[PDB]
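First up is the structure itself, then whatever we jot down about it.
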Amino acid sequence: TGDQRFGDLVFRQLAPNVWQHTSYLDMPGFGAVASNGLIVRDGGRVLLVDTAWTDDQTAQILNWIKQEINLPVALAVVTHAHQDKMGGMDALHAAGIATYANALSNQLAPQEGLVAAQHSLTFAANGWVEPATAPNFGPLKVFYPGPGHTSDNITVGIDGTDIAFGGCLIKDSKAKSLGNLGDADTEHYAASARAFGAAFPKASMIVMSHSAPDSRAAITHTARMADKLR
Ligand SMILES: [K+]
Ligand SMILES: [Zn+2]
Ligand SMILES: [Zn+2]
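Each residue of the sequence shown is one higher than the one before, counting from 821 in this note's numbering.
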């Protein structure tokens, strides 16, 4: 209740200027797998965090934004090189939206069959984005917590809100497993999850890629699950 639908996309307002977008991918015999990203209104422009699974779904996000917010989308940041986060890059570029990703995400994108972002983010030794690579990001605070779900995963806090986005690094606090595959770094995952928590220590709403928003318990639960794999 309260969620909005546009085509195959679902939108949930999380704060006066933040919405979660959800798109679905069918796994035959398994049903639809959800993927979440964020939409942020910053003054007279919109900033996008992650695409949908496909170009067509990403176009649905852009059309919902035009219809319900009616402000130009200035830039998009994508949080790693998997289809649920970068599958719609072509639709962003066609719309004239400037796209940003971790340099490593852009390097990985071709071998994954994905389109790289136009701009590469780089990071200081303490994990915070180098500001020259993230110009005019407004309230978006971009942090690289270390290798976890993937080597390239990045995370984003929204200044002025209680919201931080853990991407696929953080799992639901009720998760029964981490879902780590070959590209997860299971030696460092627990520390990376805890580093995300420490980078956004006041965030009380933790948005993640594959479950509904949770409390900080998602961070501590994820780190505990990851402790078991070291
Ligand atoms: K591994
Ligand atoms: Zn992923
Ligand atoms: Zn994912």
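Idealized CB from N, CA, C, for every residue including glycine.
Selection from the options that minimises the alpha carbon distance to residue i
{"i": "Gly-827", "options": "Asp-876, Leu-834, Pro-848 and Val-838", "result": "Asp-876"}
{"i": "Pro-967", "options": "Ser-993, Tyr-1009 and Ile-889", "result": "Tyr-1009"}
{"i": "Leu-895", "options": "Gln-931, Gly-916 and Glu-932", "result": "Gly-916"}
Secondary structure of residue i, DSSP reduced to three states
{"i": "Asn-973", "result": "coil"}
{"i": "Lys-905", "result": "helix"}
{"i": "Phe-1016", "result": "helix"}
{"i": "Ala-1023", "result": "coil"}
{"i": "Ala-1037", "result": "helix"}
{"i": "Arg-1044", "result": "helix"}
Pair within 8 Å by beta-carbon distance, residue i and residue j
{"i": "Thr-981", "j": "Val-838", "result": "yes"}
{"i": "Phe-957", "j": "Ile-974", "result": "no"}
{"i": "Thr-1042", "j": "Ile-990", "result": "yes"}
{"i": "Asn-856", "j": "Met-1028", "result": "yes"}
{"i": "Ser-940", "j": "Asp-972", "result": "no"}
For residue i: DSSP bridge partner residues
{"i": "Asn-922", "result": "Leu-941"}
{"i": "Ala-952", "result": "According to DSSP, which records beta bridges pairwise, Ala-952 is partnered with nothing at all."}
{"i": "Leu-867", "result": "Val-860 and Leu-895"}
{"i": "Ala-854", "result": "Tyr-844"}
{"i": "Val-962", "result": "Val-976"}
{"i": "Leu-829", "result": "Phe-826"}
{"i": "residue 779", "result": "Given a span of 821 to 1050 for the chain in the structure shown, any question on residue 779 remains unanswerable."}
Beta-carbon separation (whole angstroms), residue i vs residue j, contact threshold 8 Å
{"i": "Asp-910", "j": "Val-935", "result": "6 Å"}
{"i": "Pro-965", "j": "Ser-1012", "result": "4 Å"}
{"i": "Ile-859", "j": "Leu-868", "result": "6 Å"}
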